[PDB]
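Trainee: Chains as they are written, first to last, in full-length UniProt numbering: chain S, 1 to 45, 55 to 119, 122 to 195, 198 to 235; chain U, 1 to 45, 55 to 235.
The beta-carbon is built from N, C-alpha and C at its ideal position, and this holds for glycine as well.
Just dropping this structure here.
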């Protein structure tokens, strides 16, 4: 009844009034590539009003490219936000902020790779965070956001399978750079850009250049 | 993201861009009660534009009541059509007509302790000559999701009451079905007469011209209006 016209992402959609975690369900269950798991709320990941979903992916691309899947989610969210005239910017490598307030988070877990996305739409949010409703000053049709995001993600994914390096330029043009950050042992410096592997390039005050790979660290803006 | 507020039917929904058969998938897959399987189109037992779905049910009601599930679907469709200003009438036991043109069909199948309620409703899809659709009746494109939401809401309500008061559905069928007209039951031992009413088992009561009264069981029956 949804009439989705995507190639892979959204071939099937499993909707839940409530679920513990869309990522856990997607990881555990036997699902086909492109299947989207979406729930009104998550009890053990996410209140009603937000967009909580996970996508099952099985990209046949060199192992060296797999680490960029998180970027597909971040860029997809930024593109959807722009469609709704909201200025979302990427906090390397998995979050999207609006005026430095978190509006969305991406979590990839993995053969079968699960791309999880949580976006604040009409739900109440934690202090310091924001939502589409708070930014636009009015409720936003959740289904419209879902349709927009799925369409963007499908296009981004299909191109990623053919041109795995393309996503990097989209990330660069939509990410927060040129400001000081703290990488948590722990160091500070200017976030200059991301390299050809998606690593965050940081210039320390000493002049030293460090390359950050995600997985074992956290980024804090100063 | 659909924000369904139903109790059982619609707790989970599995949507397919394309599927062979929603009934087949629902029958062969382990799914919690209330799961709705819906597809834009079915390729093998339903073009784009229609509402094609199946609902998984495992009602803990007496064996004698299990056969009435088909009526839940038929009445649910009639109620949804009414909300859209369309007057549908039930052609016993599983079809819904509008001005005698078929607009929906219900098919109930099963596997183990699970019953699958299948419903096919013509909304914006092209239909065979003689049949109709919500689009043809209203003269405009009808938002498919709104029809889905309406139908799921009605079915959930009918189902929750059926679990408690299983005889109630028969009254709703009776008040929404085509009666007082001549019909012919096809097949072996074929016969014709007036469709008088439905009894406490959901059987069609037919009065033959001779005065003989026959009771027709549903599920696998072929009936024609004369």
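1) Is the CB of residue 188 of chain U under 8 Å away from at least one CB in chain S?
2) Identify every run of the alpha helix (DSSP H) within the segment 167 to 197 of chain U, keeping only runs that are complete inside it and at least 4 residues long; order them along the chain.
3) Helix, strand or coil for residue 74 of chain U? Go by DSSP, reduced to three states.
4) Go ahead and label residue 48 of chain U buried or exposed: buried means 16 or more other beta carbons lie within 10 angstroms of its beta carbon, across all protein chains shown.
5) For residue 158 of chain S, does the three-state DSSP call read helix, strand or coil?
6) On the three-state DSSP scale, how would you describe residue 165 of chain S?
7) From the DSSP output, in three-state form, read off residue 105 of chain S for me.
8) Can you tell me which of the three DSSP states residue 86 of chain S falls into?
9) Given this structure, state the Cα-to-Cα distance separating residue 81 of chain S from residue 35 of chain S, to the nearest angstrom.
10) Expressed to the nearest angstrom, what Euclidean distance is found between the alpha-carbon atoms of residue 223 of chain S and residue 110 of chain S?
11) Compare the Cα-Cα distances from residue 89 of chain S to each of S:167, S:138, S:126, S:65 and report the closest residue.
12) Under a Cβ-count criterion, where at least 16 other Cβ atoms within 10 Å of its own Cβ denotes burial, should residue 42 of chain U be classed as buried or exposed?
13) Between which two residues does the beta strand (DSSP E) holding residue 100 of chain S run?
14) Would you mind reading off the limits of the alpha helix (DSSP H) that contains residue 25 of chain U?
15) Compare the Cα-Cα distances from residue 76 of chain U to each of U:117, U:189, U:32 and report the closest residue.
16) Measure the alpha-carbon distance for residue 164 of chain S versus residue 219 of chain S and round it to whole angstroms.
17) Touching or not, the segment 3 to 11 of chain U and the segment 20 to 37 of chain U, by the rule of three or more beta carbon pairs under 8 Å?
18) Counting only the same chain and skipping the five closest in sequence on each side, list residues whose C-beta sits under 7 Å from that of residue 62 of chain U.
19) For residue 144 of chain U, which three-state DSSP category applies?
20) Do the segment 82 to 101 of chain U and the segment 175 to 189 of chain U meet, that is, are 3 or more Cβ pairs less than 8 Å apart?
21) Could you give the distance in angstroms between the alpha-carbon of residue 209 of chain U and the alpha-carbon of residue 78 of chain S?
22) In the structure shown, what three-state DSSP assignment does residue 234 of chain U receive?
23) If you draw a straight line from the C-alpha of residue 202 of chain U to the C-alpha of residue 1 of chain S, how long is it?
24) Output needed for residue 200 of chain U: all residues of its chain with C-beta closer than 8 Å, excluding positions within five of it in sequence on either side, in chain order.
25) Contact criterion: CB-CB distance below 8 Å. Does residue 38 of chain S meet it with respect to chain U?
26) Would you grab the beta carbon distance between residue 207 of chain S and residue 182 of chain S for me? Rounded to a whole angstrom, and I think it's under 8 Å.
27) What residues of chain U sit near residue 172 of chain S, judged by a beta carbon separation below 8 Å?
28) Which of helix, strand or coil does DSSP assign to residue 126 of chain U?
29) Looking only at C-alpha atoms, which of U:55, U:84, U:27, U:221 sits nearest to residue 121 of chain U?
30) Going by CA-CA distance only, name the one from U:134, U:172, U:197, U:176 that's closest to residue 236 of chain U.
31) Quick check on residue 2 of chain U - is its C-beta less than 8 Å from some C-beta in chain S?
32) I want to verify the contact list: residues of chain U whose CB lies under 9 Å from the CB of residue 11 of chain S, in sequence order.
33) Could you list the residues in the segment 152 to 166 of chain U with a C-beta less than 7 Å from some C-beta on chain S, going in chain order?
34) Could you check what DSSP says for residue 16 of chain U in three-state terms: helix, strand or coil?
35) Shorter than 8 Å from the beta carbon of residue 145 of chain S to some beta carbon of chain U?
Mentor: Based on what the coordinates show:
1) The C-beta of residue 188 of chain U comes no closer than 8 Å to any C-beta of chain S.
2) 177 to 185
3) helix
4) There are no atomic positions for residue 48 of chain U here, as chain U continues from 45 directly to 55.
5) helix
6) helix
7) strand
8) helix
9) Each residue's alpha carbon lies about 16 Å from the other.
10) 26 Å
11) Out of S:167, S:138, S:126, S:65, S:167 has the C-alpha closest to the C-alpha of residue 89 of chain S.
12) buried
13) In this chain, the beta strand (DSSP E) harbouring residue 100 of chain S covers 98 to 100.
14) 22 to 28
15) Selected option, being the one with the closest Cα: U:117.
16) 40 Å
17) These segments touch.
18) 22, 36, 37, 38, 128
19) helix
20) yes
21) Distance between residue 209 of chain U and residue 78 of chain S, taken at the CA atoms: about 60 Å.
22) strand
23) 40 Å
24) Excluding positions up to five away in sequence, the list reads 193, 194, 215, 217, 223.
25) So, interface residue.
26) Rounded to whole angstroms, the Cβ separation of residue 207 of chain S and residue 182 of chain S is 6 Å, and the two are in contact under 8 Å.
27) Within chain U, no residue comes near residue 172 of chain S; the closest Cβ sits about 19 Å away, beyond 8 Å.
28) Note: residue 126 of chain U maps to strand in three-state DSSP.
29) Selected option, being the one with the closest Cα: U:27.
30) With chain U represented from 1 up to 235, any question about residue 236 of chain U goes unanswered, as that position is not in the structure.
31) yes
32) 16, 17, 18
33) 153, 154, 157
34) Looking at residue 16 of chain U - three-state DSSP - the assignment turns out to be strand.
35) no
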